[PDB]
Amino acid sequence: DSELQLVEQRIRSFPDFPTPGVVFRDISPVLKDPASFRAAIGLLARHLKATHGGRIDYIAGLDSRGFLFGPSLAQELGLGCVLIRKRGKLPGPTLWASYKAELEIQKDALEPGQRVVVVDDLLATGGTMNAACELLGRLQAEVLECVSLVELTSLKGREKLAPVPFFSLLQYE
């Protein structure tokens, strides 16, 4: 896929960051190349439309690198974007979950029965995405799918999310 190649060629891999033995996948060059960013959003949007049709109500973007993709993805789908933040950042009534770190969402971000797709840049252990799904569930929202640009498959994050479906553009061990 020519479009997928535009994204893959702009992932930069750094060995031994942040700790020896691990390879950090840097998505920054995807943002810097407008063709690459457009390809990434287009591919995610096509997948989501082909899988869910008109069932999606909102995209939920994860702080902070999810915020880079969520709004553009939402716009491509004609949808709004709701935000899941690091705790202590949102005003008003909120719910929070720890996984340590803590995520937060405004209680009025979604109404019961609304259907959401969660986006982040990269799925590793799945801890972060799992916490987001739990938060959303507490608003009685339905999480249709979680998606990312990158998935680190040896960390088995996909299994952590099950039975919520997961999709990534690119996979690395």
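Numbering starts at 1 and runs along the sequence shown.
Coordinates are lacking for 4 to 9 deposited residues between residue 99 and residue 100. Of the two stretches examined, 41-49 and 133-141, the record assigns the greater average C-alpha temperature factor to 133-141. Averaged over their C-alpha atoms, the temperature factors of 87-95 and 67-75 are higher for 87-95. The PDB entry assigns residue 26 a C-alpha temperature factor belonging to the middle third of its chain's modelled residues. Ranked within its chain, residue 11 lands in the middle third, by CA B factor from the PDB record. Remark: residue 168 belongs to the lowest third of its chain, ranked by C-alpha B-factor as recorded.
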